[PDB]
Amino acid sequence: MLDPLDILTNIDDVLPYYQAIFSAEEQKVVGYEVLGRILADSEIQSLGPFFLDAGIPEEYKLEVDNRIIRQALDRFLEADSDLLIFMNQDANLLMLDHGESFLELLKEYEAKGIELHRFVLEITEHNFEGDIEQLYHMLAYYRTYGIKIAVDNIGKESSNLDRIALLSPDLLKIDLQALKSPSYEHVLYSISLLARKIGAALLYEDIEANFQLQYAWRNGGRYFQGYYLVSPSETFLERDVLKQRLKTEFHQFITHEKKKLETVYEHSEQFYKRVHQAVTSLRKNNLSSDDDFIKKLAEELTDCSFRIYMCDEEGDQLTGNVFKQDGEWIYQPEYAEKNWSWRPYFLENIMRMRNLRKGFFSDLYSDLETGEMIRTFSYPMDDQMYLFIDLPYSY
Amino acid sequence: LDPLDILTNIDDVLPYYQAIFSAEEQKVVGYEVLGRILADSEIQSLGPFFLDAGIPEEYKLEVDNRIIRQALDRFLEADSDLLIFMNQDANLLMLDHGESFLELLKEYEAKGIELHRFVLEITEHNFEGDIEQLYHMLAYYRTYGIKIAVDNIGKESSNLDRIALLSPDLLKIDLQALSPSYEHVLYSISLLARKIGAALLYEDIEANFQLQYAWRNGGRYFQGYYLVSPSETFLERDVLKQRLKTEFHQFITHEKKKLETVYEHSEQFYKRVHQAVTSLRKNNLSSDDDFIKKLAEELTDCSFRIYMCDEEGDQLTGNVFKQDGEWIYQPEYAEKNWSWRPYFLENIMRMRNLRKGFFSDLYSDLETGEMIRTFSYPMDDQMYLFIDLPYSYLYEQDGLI
Ligand SMILES: [Ca+2]
Ligand SMILES: [Ca+2]
């Protein structure tokens, strides 16, 4: 293994390697991440341990860091003009002089021909121990030159979504070693939606396998990185190196998700028919009690439902719950006179049921009482009343 | 108050209680136990005392105990279904892997407080031990029915990973913090809370607008001075029922309206677009790219980008993009794919089935960076038209922001 002294003594042997990043739009190389390499003893080894070592003085990190960047940016001057240049930069070291010296190094290469808006700067926020509002201040300055900001390692140690969103980054880098909790896609889904509202694109990294790439794609992944794509190498690659492979790999993701979306919408339709038949059959009868009715319905729909109740237009529960437990139905009258408009989507679905004049399923959510994952089916009725049915699973 | 003052007069220490209110029944669901001492003809908080890092842990637990015993003695006599919210530091609890505390709880089960009424307010970002061990221990607690609530969610603790791991029963979000970054981050936590099954409890509600924010963003439970301040005794369970019933009626009414105003707006826009498109599409043998140019001029007042895609998200045309009040044509976006975008495929099969067009929620455009909405409109030949709306049009319409 490599002692730090070994590196500073042979500083002329240090070189950048590059890892390509691929777009979901054009399935093409959109830019590269600059990584640090040294030629020691007929072999190439990473300067990672060297940059990550807290024991090594900062100037020697910057000393080396510099030659790699110069070599890397010298290379970019000659490649395609629209390539992005992703660069790892510690917040604290960058903040030693409020980023002054670094920016001048970037400014230098603008003159030499690299537009500043090609620079993506990989910052790790939870590593920062200075005043966060000051770091956020500085990056503002950077952006006013078009410089892009990417935040690393989301959700690991001191990571913080409040502090991240304040930074209002251009990119979020999410690594998927995490995928090797079954419920991690909830994490991913949540992230993308936060990212969509503040306008940060998602870059998934450390993609070592296919299922990982699929996870990336179907959870809002705009850009992609990993060994499974292309490993870091000393030179650049043909921009459309993986185009056909990704085109086909993505076609298959699309097909899957559609077969997936249609299959659930189709299922919803038939269920609406089953419910419509059941309800109108029962509703032509002398069951004035709104409560008598849902009991009958539950027996009708015994195979697929586990809870049923009715509410009015403003979310007030008109009836009490029928609840299936241990294969038997129980009547819980106490649940009458409760309001549910506070629930996400609830009011939205009321006006949807009206306008659309049909019934439908919700997405998957975790029922507050039982705890297991369920879906609710909402069905509109005569007299501006709305029926709710709770369904567990059927995969 | 010096800490010595407290330990010296430990017999003067007493719990106060703050009630917590349900959105369902607008009633008192339980109380948070808070720590107080009677010093010099007056009542003052032991907060500073529990938060002081200088004070040895034994003396914090010594006092803590006096309060919990008094508090739980009180609960033995109140209603049987009341929840008991209790502040507990992770690190002090982890000094003996929670063994002693649990035995204290176990004791009161015998005396008549079934364990599922206990909510344990933990602050995860204060923990400096191995997280997976703390997560390990709380599992044990839960297997007795003990409930777990995490504190300072939203700001100080905002780790979708940890939240997803500790898999808590409750998230406590405080609203002194009160769209900004902050409101979008609660959004993403909200979305998760419903997926992992954690109820939202909003606290530090000092005003009405705060309560409304709480309500419309998935708040199941509520706390603050604006509701009821802490006091040394319990309150009648339906103390605020009618006040909250009416205060919530007004939130419901409001939301039924902000939502209609946007759906109404969508309908008319669909008509405008339908008229424009079919006018331009009838007697035209010019290409799809030529068409969208004409359309952008048609819709010049309200659009800023227009393009078409096929059923699998491949962009059929270039873009027309309005810039500095002029329309530019961007051939480069031809043959780009967008199915990776959230909602994209979902909306294709929605446009088909429903056979109509509609707006998206508000999102931040990746190029311009301002907040926009997109309108999706289905066409003949299994093709789909998209139109990105600027803020300048959203801002001066009714309730699209
Ligand atoms: Ca990196
Ligand atoms: Ca608390």
# chains A, B, ... in the order shown; residues from 1 in each chain; ligands from 1
>>> select_by_dssp(residues="stretch 127-358 of chain A", states="alpha helix (DSSP H)", output="PyMOL selection string")
chain A and resi 132-143+161-167+185-198+210-218+243-283+290-300+346-356
>>> interface_residues(of="chain B", to="chain A", cutoff="7 Å", atoms="only C-alpha atoms", output="JSON, numbers by chain")
{"B": [23, 24, 25, 154, 155, 157, 158, 159, 160, 161, 181, 182, 184, 185, 188, 191, 192, 194, 195, 196, 197, 215, 216, 218, 219, 252, 256, 312, 336, 337, 338, 340, 341, 342, 346, 363, 364, 365, 366, 369]}
>>> residues_around(residues="residue A:279", least_positions_apart="3", cutoff="10 Å", atoms="only C-alpha atoms", output="list in words")
residues 273, 274, 275, 276, 282, 283, 284, 293, 294, 296, 297, 300, 379, 381 and 387 of chain A
>>> residues_around(residues="stretch 35-37 of chain B", least_positions_apart="4", cutoff="9 Å", atoms="only C-alpha atoms", output="PyMOL selection string")
chain B and resi 6+9-17+42-47+50+64+67
>>> select_by_dssp(residues="stretch 160-303 of chain A", states="strand (DSSP E)", output="ChimeraX atom specification")
/A:171-175,201-205,221-224
>>> residues_near_ligand(ligand="ligand 1", cutoff="12 Å", atoms="only C-alpha atoms and all ligand atoms", output="ChimeraX atom specification")
/A:18-19,21,32-36,48,51-52,85-90,120-124,149-154,171-175,203-206,225-226
>>> write_last_selection(atoms="C-alpha atoms", output="CSV table (one decimal), in the first residue's frame")
chain,number,residue,atom,x,y,z
A,18,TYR,CA,-12.0,9.5,-15.9
A,19,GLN,CA,-15.4,7.9,-15.3
A,21,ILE,CA,-21.6,9.6,-16.9
A,32,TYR,CA,-16.9,12.6,-16.9
A,33,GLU,CA,-15.9,12.5,-13.2
A,34,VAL,CA,-12.2,13.3,-12.6
A,35,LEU,CA,-10.6,10.7,-10.4
A,36,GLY,CA,-7.1,10.6,-9.0
A,48,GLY,CA,-8.6,8.1,-2.6
A,51,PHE,CA,-7.4,12.6,-0.2
A,52,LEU,CA,-9.5,11.0,2.5
A,85,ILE,CA,-16.5,18.2,-15.9
A,86,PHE,CA,-17.4,16.7,-12.6
A,87,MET,CA,-14.9,17.4,-9.8
A,88,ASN,CA,-14.6,16.3,-6.3
A,89,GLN,CA,-14.0,19.2,-3.9
A,90,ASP,CA,-14.1,19.2,0.0
A,120,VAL,CA,-20.0,20.5,-11.9
A,121,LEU,CA,-18.6,20.6,-8.4
A,122,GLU,CA,-19.1,17.6,-6.2
A,123,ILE,CA,-19.5,18.8,-2.6
A,124,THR,CA,-20.3,16.7,0.5
A,149,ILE,CA,-23.3,22.2,-7.8
A,150,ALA,CA,-23.7,18.5,-7.0
A,151,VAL,CA,-24.3,17.2,-3.5
A,152,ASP,CA,-22.8,13.8,-2.5
A,153,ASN,CA,-23.7,10.8,-0.3
A,154,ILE,CA,-27.3,11.9,0.5
A,171,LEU,CA,-27.7,17.8,-8.8
A,172,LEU,CA,-28.2,15.1,-6.2
A,173,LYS,CA,-25.8,12.2,-6.2
A,174,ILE,CA,-27.3,9.0,-4.8
A,175,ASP,CA,-25.3,5.9,-4.4
A,203,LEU,CA,-27.6,11.3,-10.6
A,204,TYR,CA,-27.4,7.7,-9.5
A,205,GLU,CA,-23.8,6.3,-8.9
A,206,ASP,CA,-22.1,3.1,-7.8
A,225,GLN,CA,-22.7,6.1,-13.2
A,226,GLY,CA,-21.0,2.8,-12.2
>>> closest_residue(among="A:209, A:147, A:178, A:14", to="residue A:63", atoms="only C-alpha atoms")
A:14
>>> residues_near_ligand(ligand="ligand 2", cutoff="9 Å", atoms="only C-alpha atoms and all ligand atoms", output="PDB file with C-alpha atoms, in the first residue's frame")
ATOM      1  CA  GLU B  32     -46.733  15.443  26.871  1.00  0.00           C
ATOM      2  CA  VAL B  33     -45.078  15.350  30.266  1.00  0.00           C
ATOM      3  CA  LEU B  34     -43.037  18.495  30.947  1.00  0.00           C
ATOM      4  CA  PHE B  85     -45.788  11.288  25.627  1.00  0.00           C
ATOM      5  CA  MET B  86     -42.413  11.352  27.326  1.00  0.00           C
ATOM      6  CA  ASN B  87     -39.173  13.042  26.482  1.00  0.00           C
ATOM      7  CA  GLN B  88     -36.198  10.714  26.565  1.00  0.00           C
ATOM      8  CA  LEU B 120     -41.398   7.998  23.701  1.00  0.00           C
ATOM      9  CA  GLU B 121     -40.075  11.229  22.226  1.00  0.00           C
ATOM     10  CA  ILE B 122     -36.550  10.491  20.975  1.00  0.00           C
ATOM     11  CA  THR B 123     -34.206  12.962  19.261  1.00  0.00           C
ATOM     12  CA  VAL B 150     -38.910  11.265  16.646  1.00  0.00           C
ATOM     13  CA  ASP B 151     -38.267  14.972  17.469  1.00  0.00           C
ATOM     14  CA  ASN B 152     -37.022  17.947  15.459  1.00  0.00           C
ATOM     15  CA  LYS B 172     -42.920  15.505  15.463  1.00  0.00           C
ATOM     16  CA  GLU B 203     -45.983  21.137  17.515  1.00  0.00           C
TER      17      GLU B 203
END
>>> atom_distance(atom1="atom CA of residue A:119", atom2="atom CA of residue A:177")
26.0 Å
>>> closest_residue(among="A:15, A:2, A:79, A:69", to="residue A:238", atoms="only C-alpha atoms")
A:79
>>> residues_around(residues="residue A:240", least_positions_apart="4", cutoff="10 Å", atoms="only C-alpha atoms", output="count of residues only")
9
>>> closest_residue(among="B:277, B:115, B:383, B:167", to="residue B:145", atoms="only C-alpha atoms")
B:115
>>> residues_around(residues="stretch 95-110 of chain B", least_positions_apart="4", cutoff="9 Å", atoms="only C-alpha atoms", output="PyMOL selection string")
chain B and resi 69+72-73+76+90-91+114-115+118+133-134+137-138+141
>>> residues_around(residues="residue B:373", least_positions_apart="4", cutoff="10 Å", atoms="only C-alpha atoms", output="VMD selection string")
chain B and resid 303 359 to 365 387 to 391 394 400 to 401
>>> write_last_selection(atoms="N, CA, C and O atoms", output="PDB file, in the first residue's frame")
ATOM      1  N   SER B 303     -47.536  30.029 -23.067  1.00  0.00           N
ATOM      2  CA  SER B 303     -46.573  28.952 -23.156  1.00  0.00           C
ATOM      3  C   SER B 303     -45.147  29.509 -23.177  1.00  0.00           C
ATOM      4  O   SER B 303     -44.935  30.679 -23.462  1.00  0.00           O
ATOM      5  N   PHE B 359     -53.180  19.731 -16.232  1.00  0.00           N
ATOM      6  CA  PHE B 359     -51.948  20.330 -15.694  1.00  0.00           C
ATOM      7  C   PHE B 359     -51.251  19.412 -14.761  1.00  0.00           C
ATOM      8  O   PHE B 359     -51.885  18.544 -14.206  1.00  0.00           O
ATOM      9  N   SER B 360     -49.959  19.649 -14.553  1.00  0.00           N
ATOM     10  CA  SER B 360     -49.205  19.052 -13.449  1.00  0.00           C
ATOM     11  C   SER B 360     -49.267  19.920 -12.225  1.00  0.00           C
ATOM     12  O   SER B 360     -49.727  21.052 -12.274  1.00  0.00           O
ATOM     13  N   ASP B 361     -48.754  19.400 -11.122  1.00  0.00           N
ATOM     14  CA  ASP B 361     -48.491  20.222  -9.934  1.00  0.00           C
ATOM     15  C   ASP B 361     -47.392  21.226 -10.276  1.00  0.00           C
ATOM     16  O   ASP B 361     -46.934  21.284 -11.408  1.00  0.00           O
ATOM     17  N   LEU B 362     -46.992  22.041  -9.314  1.00  0.00           N
ATOM     18  CA  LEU B 362     -45.979  23.048  -9.561  1.00  0.00           C
ATOM     19  C   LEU B 362     -44.629  22.429  -9.432  1.00  0.00           C
ATOM     20  O   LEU B 362     -44.330  21.862  -8.402  1.00  0.00           O
ATOM     21  N   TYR B 363     -43.793  22.534 -10.456  1.00  0.00           N
ATOM     22  CA  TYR B 363     -42.400  22.063 -10.325  1.00  0.00           C
ATOM     23  C   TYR B 363     -41.407  23.050 -10.903  1.00  0.00           C
ATOM     24  O   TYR B 363     -41.779  24.012 -11.558  1.00  0.00           O
ATOM     25  N   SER B 364     -40.139  22.816 -10.611  1.00  0.00           N
ATOM     26  CA  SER B 364     -39.074  23.729 -10.978  1.00  0.00           C
ATOM     27  C   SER B 364     -38.411  23.271 -12.268  1.00  0.00           C
ATOM     28  O   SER B 364     -37.752  22.242 -12.314  1.00  0.00           O
ATOM     29  N   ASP B 365     -38.594  24.042 -13.323  1.00  0.00           N
ATOM     30  CA  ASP B 365     -38.094  23.673 -14.643  1.00  0.00           C
ATOM     31  C   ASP B 365     -36.588  23.539 -14.586  1.00  0.00           C
ATOM     32  O   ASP B 365     -35.913  24.379 -14.009  1.00  0.00           O
ATOM     33  N   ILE B 387     -46.926  21.350 -23.144  1.00  0.00           N
ATOM     34  CA  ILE B 387     -46.798  22.814 -23.155  1.00  0.00           C
ATOM     35  C   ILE B 387     -46.390  23.320 -21.755  1.00  0.00           C
ATOM     36  O   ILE B 387     -47.160  23.190 -20.783  1.00  0.00           O
ATOM     37  N   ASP B 388     -45.197  23.903 -21.649  1.00  0.00           N
ATOM     38  CA  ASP B 388     -44.681  24.342 -20.357  1.00  0.00           C
ATOM     39  C   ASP B 388     -45.072  25.811 -20.123  1.00  0.00           C
ATOM     40  O   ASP B 388     -44.804  26.670 -20.958  1.00  0.00           O
ATOM     41  N   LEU B 389     -45.737  26.079 -19.003  1.00  0.00           N
ATOM     42  CA  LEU B 389     -46.279  27.397 -18.707  1.00  0.00           C
ATOM     43  C   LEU B 389     -45.329  28.191 -17.803  1.00  0.00           C
ATOM     44  O   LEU B 389     -44.828  27.653 -16.837  1.00  0.00           O
ATOM     45  N   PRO B 390     -45.119  29.488 -18.081  1.00  0.00           N
ATOM     46  CA  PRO B 390     -44.245  30.269 -17.237  1.00  0.00           C
ATOM     47  C   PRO B 390     -44.948  30.798 -15.986  1.00  0.00           C
ATOM     48  O   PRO B 390     -46.179  30.777 -15.887  1.00  0.00           O
ATOM     49  N   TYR B 391     -44.140  31.281 -15.054  1.00  0.00           N
ATOM     50  CA  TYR B 391     -44.613  31.930 -13.871  1.00  0.00           C
ATOM     51  C   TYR B 391     -45.401  33.178 -14.234  1.00  0.00           C
ATOM     52  O   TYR B 391     -46.481  33.425 -13.697  1.00  0.00           O
ATOM     53  N   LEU B 394     -48.860  31.848 -14.866  1.00  0.00           N
ATOM     54  CA  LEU B 394     -49.321  31.388 -13.542  1.00  0.00           C
ATOM     55  C   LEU B 394     -49.588  32.550 -12.506  1.00  0.00           C
ATOM     56  O   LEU B 394     -50.649  32.613 -11.859  1.00  0.00           O
ATOM     57  N   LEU B 400     -53.009  29.459  -9.136  1.00  0.00           N
ATOM     58  CA  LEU B 400     -52.209  28.441  -9.798  1.00  0.00           C
ATOM     59  C   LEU B 400     -50.801  28.476  -9.235  1.00  0.00           C
ATOM     60  O   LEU B 400     -49.860  28.014  -9.869  1.00  0.00           O
ATOM     61  N   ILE B 401     -50.652  29.048  -8.047  1.00  0.00           N
ATOM     62  CA  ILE B 401     -49.357  29.103  -7.385  1.00  0.00           C
ATOM     63  C   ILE B 401     -49.476  28.563  -5.964  1.00  0.00           C
ATOM     64  O   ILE B 401     -50.569  28.511  -5.397  1.00  0.00           O
TER      65      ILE B 401
END
>>> closest_residue(among="B:28, B:178, B:295, B:61", to="residue B:93", atoms="only C-alpha atoms")
B:61
